[PDB]
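First up is the structure itself, then whatever we jot down about it.
Residue indices begin at 1 and follow the sequence shown.
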Amino acid sequence: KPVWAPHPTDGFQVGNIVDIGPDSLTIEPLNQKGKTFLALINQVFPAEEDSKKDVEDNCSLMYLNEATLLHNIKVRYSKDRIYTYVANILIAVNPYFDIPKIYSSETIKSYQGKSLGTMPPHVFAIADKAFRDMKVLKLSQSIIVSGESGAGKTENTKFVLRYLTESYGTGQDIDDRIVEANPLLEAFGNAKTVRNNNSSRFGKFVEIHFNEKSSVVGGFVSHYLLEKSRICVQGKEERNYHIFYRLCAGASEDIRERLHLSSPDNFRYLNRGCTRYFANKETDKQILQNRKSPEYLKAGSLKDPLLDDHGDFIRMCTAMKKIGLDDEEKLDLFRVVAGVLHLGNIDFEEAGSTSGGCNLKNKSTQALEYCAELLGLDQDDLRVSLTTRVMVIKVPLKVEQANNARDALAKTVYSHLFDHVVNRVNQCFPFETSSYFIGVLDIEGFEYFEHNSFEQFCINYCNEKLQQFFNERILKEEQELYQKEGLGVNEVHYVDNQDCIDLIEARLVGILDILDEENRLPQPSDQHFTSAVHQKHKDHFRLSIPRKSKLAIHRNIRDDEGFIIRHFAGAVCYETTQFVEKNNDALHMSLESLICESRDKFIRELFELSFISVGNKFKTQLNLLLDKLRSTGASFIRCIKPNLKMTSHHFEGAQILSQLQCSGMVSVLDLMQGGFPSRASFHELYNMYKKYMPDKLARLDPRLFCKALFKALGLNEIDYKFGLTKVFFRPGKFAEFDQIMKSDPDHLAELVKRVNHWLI
Ligand SMILES: Nc1ncnc2c1ncn2[C@@H]1O[C@H](COP(=O)(O)OP(=O)(O)O)[C@@H](O)[C@H]1O
Ligand SMILES: [Mg+2]
């Protein structure tokens, strides 16, 4: 009798149906007699009879729907059970605090070789299933960790990496290098954003490579779309990359003196953002007084259960030593970081009777000196490169143009430093050859803000391509197998998004190719590019002018000042200002030759009509990644962010419900529950057992031996279904399936003995 009906903040609330009308049901909230509210018939769902219970797999619910799914994960979350299955897919709700012992070495060991379902749901079980599938099927695997910013993708990626290296490594230094590589990549690629104190400003695919004996041989890290705009400016609640703050907070006085460092408020590239450190009562006392900004002294430290700028500087230097970085290489990295900081302090003032030129402000003399010394440049060549343009003739730059040249040089040097760090991490765990890998995908999903630039365009483009892979693997390929096998599974359909992908990436006509054309034109213009997009895709349903928007913020945006992409995740209005600049990865020749000719070998090595397409470079990287995903077995982890406050024990029902819907988790519930995640051919099963069989068993047709096997073991018509050529096992039947598949001679002989006795 009790049902789930809508609730504005909880998603759903319990009640009883007390009336029915056209397109409505009248709901009486539980224990509130006389009180009633209306709900649309299709927004009312049956509830589980027992409101207090919780199930490890949502496929075990009597009524599986969005409301019972929400309730089950809610009850589990209130008891710190953050992991729940939907058959072989994992839901992980961010706890926002460290739950004791659930990632211990002892917990790691308890998951080794255990079938799904034998142990409570855990990220360790997803990782072990990927390893066992890799080892048995002799097929490389991918683990995809998805969700909103701050949902837990990066933490779960690291749990997977730690589980696999610790369980299936050797017990040597190399095993820890894959894990120890994290403080280093996160120092240069992560930063404080309003949604996550440890936001990943780059995407990654981390592969653990194995030999034929299924033992770790090395790793490989692929990195994508490092956010370049962050290097020079941030919003008042956000910070630049962690490294700048870890260095200012933690560097010894000797390093601080050598690098001419000071409190973060003294640097343009840090002082528009938050200048405070992540610290607690203890670590705040380890930070010297000359490192603390006036705002840190007035407002105190930033609070986080994971991040600590001083502690993280120490841990990063330890991780650098552990992976094979010599003290000289560590100092070379720090010198480049400081050089970029001092570069940003180079200020300009107008010059010329019509303000057509510029000069360095006399107060930027120290900054120019420190920058040139740290980057191995001559002060005058740097000054000239930042204030003039070569075209035979050296013409003056306007202040705005000198600011852009300094910033372009800063972004390129820093991005090249990040490429060097990722390459150096790959060099610390190399492998000449391998049989298979387990790859873990950690990339930011679909995003939209009041103002959307080239960064959002690239990540949302990425999302359109990844969403298609999810649809093709989870829905299309799965159901085609069910259909070919005559299983009669109710069909779940999707609308393909090839039209939106083609709009962005098609040869010659796609947005990326139109943008590259603009960059190659004699005088590139963001307005010329946007008009060319509109003029080319006038009849395209996924594209519109910003005036067509359902919001007042886009009303004043001109046709040549933006465009709307009608992504299936929602319409996104992109402002196309700086798209041409953001699409170019190559420095002007004057800045390139300046930095290529540095006195410093390390700087020269970072760089060992100038245009390189950011969009097409990314499209090529993404197609390489998609090739790997399509050629491997896939496992999925859906990370869920419980609230927008980074707090523990605060389950925002409607926010979580929205994630369950927008992720496609709700749409596949019936498919997952009525599906068959485990399968093997009658032929392969018969062939494995055949040498252990007496004549009475071998004389049976493969399909008939399988029926005899399953009957002898007490398996029932509920647990499995026979297809045309394969036997299929239901969700929650992984242990029974694994017992059927186990190829050990003693095991095979024993099950055959049981079949012989059963037949008598
Ligand atoms: N399982 C977990 N245990 C403890 N803290 C967690 C866990 N998952 C996430 N967190 C916390 O939430 C923060 C954000 O998680 P993170 O993995 O960085 O998100 P994402 O990569 O999805 O943006 C972490 O820095 C950490 O404080
Ligand atoms: Mg992350």
May I ask you to decide whether [X] forms a salt bridge with [Y], counting only side-chain N to carboxylate O separations under 4.0 Å?
X: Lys733; Y: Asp738; value: no
X: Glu180; Y: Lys322; value: yes
X: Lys628; Y: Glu207; value: yes
X: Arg132; Y: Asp128; value: yes
X: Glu684; Y: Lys690; value: no
X: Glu238; Y: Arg230; value: yes

Does a donor on one side chain sit under 3.5 Å from an acceptor on the other, for [X] and [Y]?
X: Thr283; Y: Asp308; answer: yes
X: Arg76; Y: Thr84; answer: yes
X: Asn240; Y: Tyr269; answer: no
X: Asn623; Y: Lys465; answer: yes
X: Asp284; Y: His310; answer: no
X: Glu605; Y: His416; answer: no
X: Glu447; Y: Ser149; answer: no

Between [X] (side chain only) and [Y] (backbone N and O only), is there a donor and an acceptor less than 3.5 Å apart?
X: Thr165; Y: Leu161; answer: yes
X: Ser214; Y: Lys135; answer: no
X: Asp175; Y: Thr170; answer: yes
X: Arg291; Y: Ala251; answer: yes

is_close_aromatic([X], [Y]), centroid dist under 6.0 Å:
X: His223; Y: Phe418; result: yes
X: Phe131; Y: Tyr168; result: yes
X: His122; Y: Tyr85; result: no
X: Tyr241; Y: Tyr414; result: yes
X: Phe188; Y: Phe244; result: no

Q) Can you check side-chain hydrogen bond (donor to acceptor under 3.5 Å, both in side chains) on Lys228 and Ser415, steps first, answer last? A) CA-CA 7 Å; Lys228 289 161 179 63; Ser415 189; 3.2 Å; yes
(Q) Walk me through whether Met134 and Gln141 qualify under side-chain contact (heavy atoms from CB on, under 4.5 Å). (A) CA-CA 6 Å; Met134 179 199 78; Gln141 301 289 316; 3.8 Å; yes
To the nearest 0.5 Å, how far apart are [atom1] in [X] and [atom2] in [Y]?
X: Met688; Y: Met741; atom1: CE; atom2: CE; result: 6.0 Å
X: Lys129; Y: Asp133; atom1: NZ; atom2: CG; result: 3.5 Å
X: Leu226; Y: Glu455; atom1: CG; atom2: CD; result: 10.5 Å
X: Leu341; Y: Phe267; atom1: CG; atom2: CZ; result: 5.0 Å
X: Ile143; Y: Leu441; atom1: CD1; atom2: CG; result: 11.0 Å
X: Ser199; Y: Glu186; atom1: OG; atom2: CD; result: 10.5 Å

Q: May I have the step-by-step check of side-chain hydrogen bond (donor to acceptor under 3.5 Å, both in side chains) for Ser140 and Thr632, ending in yes or no?
A: CA-CA 5 Å; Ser140 283; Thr632 61; over 6 Å; no
Q: Give the intermediate values and the outcome of side-chain hydrogen bond (donor to acceptor under 3.5 Å, both in side chains) for residues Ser104 and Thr107.
A: CA-CA 5 Å; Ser104 66; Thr107 307; 2.8 Å; yes
**Q.** Residues, nucleotides or ligands: over 12 heavy atoms within 6.0 Å of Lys303 NZ
**A.**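 Yes, because the 6.0 Å sphere around NZ of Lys303 holds more than 12 heavy atoms from other groups.
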(Q) Does any part of the side chain of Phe429, heavy atoms only, come nearer than 4.5 Å to the side chain of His209, both counted from C-beta? (A) no
**Q.** Closest non-hydrogen atom pair, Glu212 against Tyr436
**A.** O-OH, 4.4 Å
Q: With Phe313 as reference, evaluate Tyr277, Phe334, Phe278 under the ring pair (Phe, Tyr, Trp, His ring centres under 6.0 Å) test and give the passing residue.
A: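 So the option named by the test is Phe334.
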